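See below for target36.csv, which holds CSV, C-alpha atoms.
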```csv
chain,number,residue,atom,x,y,z
R,1,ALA,CA,-5.8,27.0,-1.5
R,2,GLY,CA,-8.9,25.3,-0.2
R,3,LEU,CA,-7.9,21.8,1.0
R,4,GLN,CA,-11.3,21.2,2.7
R,5,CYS,CA,-10.7,22.0,6.3
R,6,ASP,CA,-13.2,20.3,8.6
R,7,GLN,CA,-14.3,21.1,12.2
R,8,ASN,CA,-12.3,20.8,15.5
R,9,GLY,CA,-9.4,22.6,13.9
R,10,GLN,CA,-8.8,19.2,12.2
R,11,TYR,CA,-7.7,18.5,8.6
R,12,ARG,CA,-9.8,16.2,6.5
R,13,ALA,CA,-8.0,13.1,5.2
R,14,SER,CA,-9.9,13.3,1.9
R,15,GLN,CA,-10.3,16.2,-0.6
R,16,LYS,CA,-12.4,16.4,-3.7
R,17,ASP,CA,-9.6,18.2,-5.6
R,18,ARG,CA,-11.4,20.7,-7.8
R,19,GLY,CA,-8.3,21.5,-9.8
R,20,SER,CA,-9.1,18.8,-12.3
R,21,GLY,CA,-11.7,16.7,-10.5
R,22,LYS,CA,-9.1,14.5,-8.6
R,23,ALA,CA,-9.3,12.9,-5.1
R,24,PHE,CA,-6.1,13.7,-3.2
R,25,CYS,CA,-6.3,12.7,0.4
R,26,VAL,CA,-3.3,13.8,2.5
R,27,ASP,CA,-3.4,13.9,6.3
R,28,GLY,CA,-2.8,17.1,8.4
R,29,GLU,CA,0.6,18.0,6.8
R,30,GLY,CA,1.9,18.8,3.4
R,31,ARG,CA,3.6,15.5,2.3
R,32,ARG,CA,2.2,14.5,-1.1
R,33,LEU,CA,1.0,11.1,-2.1
R,34,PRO,CA,2.3,10.4,-5.7
R,35,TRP,CA,-0.7,8.7,-7.4
R,36,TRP,CA,-4.1,9.5,-9.0
R,37,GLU,CA,-7.8,8.8,-8.5
R,38,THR,CA,-10.2,10.9,-10.6
R,39,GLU,CA,-14.0,10.3,-10.6
R,40,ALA,CA,-14.2,7.8,-7.8
R,41,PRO,CA,-15.7,7.8,-4.3
R,42,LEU,CA,-12.5,8.3,-2.3
R,43,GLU,CA,-13.9,9.4,1.1
R,44,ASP,CA,-12.0,9.3,4.5
R,45,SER,CA,-12.3,5.5,5.1
R,46,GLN,CA,-11.2,4.6,1.6
R,47,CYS,CA,-8.1,6.7,2.2
R,48,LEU,CA,-7.5,6.2,5.9
R,49,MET,CA,-6.7,2.6,4.9
R,50,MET,CA,-4.7,4.0,1.9
R,51,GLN,CA,-2.8,6.3,4.2
R,52,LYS,CA,-1.7,3.1,6.0
R,53,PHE,CA,0.8,2.1,3.3
R,54,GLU,CA,4.2,2.9,2.1
R,55,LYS,CA,3.5,3.8,-1.4
R,56,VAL,CA,6.4,3.0,-3.8
R,57,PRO,CA,9.6,1.3,-2.6
R,58,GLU,CA,13.1,1.8,-4.0
R,59,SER,CA,12.7,0.9,-7.7
R,60,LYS,CA,16.4,0.3,-8.3
R,61,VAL,CA,16.9,-3.4,-8.9
R,62,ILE,CA,14.1,-6.0,-9.5
R,63,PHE,CA,15.4,-9.5,-9.8
R,64,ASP,CA,15.0,-13.1,-8.3
R,65,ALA,CA,11.9,-14.7,-9.8
R,66,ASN,CA,11.7,-17.1,-6.8
R,67,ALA,CA,10.1,-17.3,-3.3
R,68,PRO,CA,6.6,-17.5,-4.8
R,69,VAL,CA,3.2,-16.1,-4.0
R,70,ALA,CA,2.8,-17.0,-0.4
R,71,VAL,CA,-0.9,-17.2,0.2
R,72,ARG,CA,-3.3,-16.2,-2.6
R,73,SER,CA,-4.0,-14.1,-5.7
R,74,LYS,CA,-7.5,-12.7,-5.9
R,75,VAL,CA,-8.7,-11.2,-9.2
R,76,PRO,CA,-10.4,-7.8,-9.1
R,77,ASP,CA,-14.0,-8.7,-10.0
R,78,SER,CA,-15.3,-5.2,-9.6
R,79,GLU,CA,-14.8,-1.8,-11.2
R,80,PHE,CA,-11.9,-0.8,-9.0
R,81,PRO,CA,-8.7,-2.9,-9.2
R,82,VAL,CA,-7.2,-1.2,-6.2
R,83,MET,CA,-10.1,-0.3,-3.9
R,84,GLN,CA,-11.5,-3.8,-4.0
R,85,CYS,CA,-8.1,-5.3,-3.1
R,86,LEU,CA,-7.6,-2.4,-0.6
R,87,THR,CA,-9.7,-4.1,2.1
R,88,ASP,CA,-8.8,-7.6,0.9
R,89,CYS,CA,-5.4,-7.6,2.6
R,90,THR,CA,-6.0,-5.1,5.4
R,91,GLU,CA,-8.8,-7.3,6.7
R,92,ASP,CA,-6.0,-9.8,7.3
R,93,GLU,CA,-2.4,-9.6,8.5
R,94,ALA,CA,0.8,-10.1,6.5
R,95,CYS,CA,0.1,-8.5,3.2
R,96,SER,CA,3.5,-6.8,3.0
R,97,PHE,CA,4.4,-7.1,-0.7
R,98,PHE,CA,1.2,-6.2,-2.7
R,99,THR,CA,0.5,-5.2,-6.3
R,100,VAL,CA,-2.1,-5.3,-9.0
R,101,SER,CA,-1.0,-7.3,-12.0
R,102,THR,CA,-1.8,-4.8,-14.7
R,103,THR,CA,-1.0,-7.1,-17.7
R,104,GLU,CA,-3.3,-6.9,-20.6
R,105,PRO,CA,-5.6,-10.0,-20.8
R,106,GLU,CA,-6.4,-10.6,-17.1
R,107,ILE,CA,-5.7,-8.7,-13.8
R,108,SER,CA,-4.9,-10.2,-10.3
R,109,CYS,CA,-3.8,-8.9,-6.9
R,110,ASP,CA,-0.5,-10.3,-5.7
R,111,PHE,CA,0.1,-11.3,-2.1
R,112,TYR,CA,3.5,-12.0,-0.5
R,113,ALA,CA,3.1,-12.5,3.3
R,114,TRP,CA,6.7,-12.3,4.3
R,115,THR,CA,10.2,-13.4,3.1
R,116,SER,CA,13.4,-14.4,4.7
R,117,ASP,CA,15.1,-10.9,4.7
R,118,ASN,CA,14.8,-7.6,2.9
R,119,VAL,CA,18.1,-6.1,4.1
R,120,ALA,CA,21.8,-6.9,4.2
R,121,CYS,CA,22.9,-4.3,6.7
R,122,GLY,CA,26.0,4.0,14.9
R,123,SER,CA,25.1,1.6,12.2
R,124,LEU,CA,23.7,4.2,9.8
R,125,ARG,CA,25.4,2.7,6.8
R,126,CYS,CA,22.3,0.7,6.1
R,127,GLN,CA,19.2,0.8,3.9
R,128,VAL,CA,16.4,-1.6,2.8
R,129,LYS,CA,16.3,-3.9,-0.2
R,130,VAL,CA,12.7,-5.1,-0.7
R,131,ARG,CA,11.9,-5.5,-4.4
R,132,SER,CA,13.0,-9.0,-5.4
R,133,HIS,CA,9.7,-10.3,-6.8
R,134,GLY,CA,9.5,-10.1,-10.5
R,135,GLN,CA,9.8,-7.8,-13.5
R,136,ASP,CA,6.4,-7.0,-15.2
R,137,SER,CA,3.8,-4.3,-15.5
R,138,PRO,CA,2.7,-4.6,-11.8
R,139,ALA,CA,4.4,-2.2,-9.2
R,140,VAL,CA,4.6,-3.3,-5.6
R,141,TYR,CA,3.1,-1.6,-2.6
R,142,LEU,CA,4.0,-2.0,1.1
R,143,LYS,CA,1.7,-2.3,4.1
R,144,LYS,CA,3.8,0.1,6.3
R,145,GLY,CA,3.0,-2.1,9.3
R,146,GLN,CA,2.9,-0.2,12.7
R,147,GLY,CA,0.0,-2.2,14.1
R,148,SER,CA,-0.8,-5.9,14.6
R,149,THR,CA,1.9,-7.6,12.6
R,150,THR,CA,2.7,-11.3,12.2
R,151,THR,CA,5.6,-13.0,10.5
R,152,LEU,CA,6.9,-16.6,10.4
R,153,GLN,CA,4.6,-18.2,13.1
R,154,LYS,CA,5.3,-15.3,15.5
R,155,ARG,CA,2.4,-12.9,16.2
R,156,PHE,CA,3.0,-9.3,17.4
R,157,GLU,CA,0.7,-6.9,19.2
R,158,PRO,CA,1.0,-3.1,19.7
R,159,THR,CA,1.3,-3.3,23.5
R,160,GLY,CA,2.9,0.1,23.7
R,161,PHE,CA,4.4,1.1,27.1
```

Kindly present the structure from the file in structure tokens form.
Amino acid sequence: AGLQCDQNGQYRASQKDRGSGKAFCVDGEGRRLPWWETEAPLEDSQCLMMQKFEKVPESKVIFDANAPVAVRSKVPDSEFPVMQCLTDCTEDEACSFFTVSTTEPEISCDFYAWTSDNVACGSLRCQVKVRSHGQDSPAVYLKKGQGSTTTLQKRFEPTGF
């Protein structure tokens, strides 16, 4: 079905989707990314950062208008409210809760570094409870972590081993 297969037997992490002009950018498997970007330069580097996210959390209960915006809130002063704020937290650590405030007069990118907890837990009977940061038009995104994290005056490095 196309899917723009590069060299080296390797799958490209960006596809100019010719079905309607979209830009879908999955990695080398078949696990979809539920969003849209049509008529925009979404190459590999603009999605290799976008691959480094958990997309939509559990949208069950949003509640607790407390524990405020931890560091900053930059407005999107360009023609892309997501791709401008894409680098703006990933060229930093601790940008865990992240959303574009899509209210009507102005727009701004939200930044929660970290909170106290996001869970109240073979201990399999256990799942995450992240969304407790407001009820409005913005929809939160998650950094997905996995490299060079920091939280509550305690740095962390991927030492491996």

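When all atoms listed in the file are used to compute distances to residue R:23, the closest of the residues R:36, R:161, R:11, R:156 turns out to be R:36.
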
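Atom pair atom CA of residue R:133 / atom CA of residue R:106 has a distance of 19.1 Å (rounded to one decimal).
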
Open item on the list: Which residues are near residue R:15? Cut-off 8 Å, all atoms listed in the file, ignore same chain within fewer than 4 positions. Put them as a VMD selection string.
Closed with: chain R and resid 3 to 4 23 to 25 43

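In this model, the gap between atom CA of residue R:94 and atom CA of residue R:76 comes to 19.3 Å.
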
TODO: Find the residues near stretch 53-65 of chain R: any atom within 9 Å, counting all atoms listed in the file, skip ones fewer than 4 places away on the same chain, and give them as a PyMOL selection string.
DONE: chain R and resi 33-35+49+128-135+139-145
